[PDB]
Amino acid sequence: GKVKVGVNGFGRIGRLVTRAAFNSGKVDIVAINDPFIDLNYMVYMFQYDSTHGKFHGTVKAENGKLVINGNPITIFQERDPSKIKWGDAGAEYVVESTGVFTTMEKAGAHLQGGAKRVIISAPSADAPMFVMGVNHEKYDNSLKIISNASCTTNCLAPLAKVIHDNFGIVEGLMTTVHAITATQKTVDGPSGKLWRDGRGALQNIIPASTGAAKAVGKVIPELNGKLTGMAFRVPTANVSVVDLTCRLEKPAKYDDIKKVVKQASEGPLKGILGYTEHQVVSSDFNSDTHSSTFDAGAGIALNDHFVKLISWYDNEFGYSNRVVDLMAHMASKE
């Protein structure tokens, strides 16, 4: 009944998509490929997690397989994705989570080994991009290689959809205050392509470029060219926040914005877009599976046409659960 899934890469996204699949029970993980992490080490990395705690259940290495809650998973150690025998392991969909095979040409290598569909758990320069709750109904059975966009695009797009649908976004500029990530360094070190990103992550607020706001214009075509932004990386291990400053076409009193976001969080976007009026801080969203949670108290309006809206996101758990939800949606359309 559940679609069988293969995961390429056991980095942060790969492990948390695997954890979301077992926690939610929406899909069945049957294979994992990682050429640099051996089976005994995969048991340790999956079982203990500094951010989300110990896995609830059992994890062990048995007969060359990773056995999670009694379910044996085939382990591959291939550097070339076209050589992974996904079909022999029974993996129908493959989550491409390494971050280095994000074009349709590179991600398509998984079809050579027998996968039926590939979900890139990152932005893609050319694959169709989806955000659950915003454009997932535009998915169709002819699309064999798709992208789930980024964690930041999944936070901004549901909020931008509600605001644009009700008031019309003339233009917007976004800032994301983002938790540290695996690409950063503990102390000042080499990052040849992005010099600021090499600076010590524990000591600094680091400005960074991000295509997340521009990507919202691809998922919501009416907002193409109307949004852009940037990021600041700060020394917190997890949970990030979006700050969208936008100009509205129709007048919107701040209480009217709260009303429409609250009603959207209770209907078609339930579990995707959250809403709170509580005095929350980032740790209150630790392991929260929403893509975006509107913080009513934190935002501020200058006038009825110019406002700053705040939305929280667990950049690890929200996104990993959306990858699983996208695959469950795809399976329902077969």
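Numbering starts at 1 and follows the sequence shown.
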Out of 240 to 248 and 161 to 169, which one has CA B-factors that are higher on average in the deposited record?
161 to 169
Mean Cα B-factor check, 19 to 27 vs 312 to 320, entry values; winner is 19 to 27
Highest recorded Cα temperature factor - choice among 198, 235, 114, 207:
114
Looking at 185, 253, 144, 178, which has the highest CA B-factor as recorded?
253
Using the B-factor values recorded in the entry, state whether the Cα atom of residue 51 falls in the lowest, middle or highest third among the modelled residues of its chain.
lowest
Chain-wide C-alpha B factor ranking for residue 288, given as lowest, middle or highest third
lowest
Residue 266: CA B-factor among chain residues, third -> highest
Quick check for you: using the entry's CA B-factors within this chain, is residue 92 in the lowest, middle or highest third?
middle
Split into thirds by Cα B-factor across the chain's modelled residues, where does residue 295 land: lowest, middle or highest?
lowest
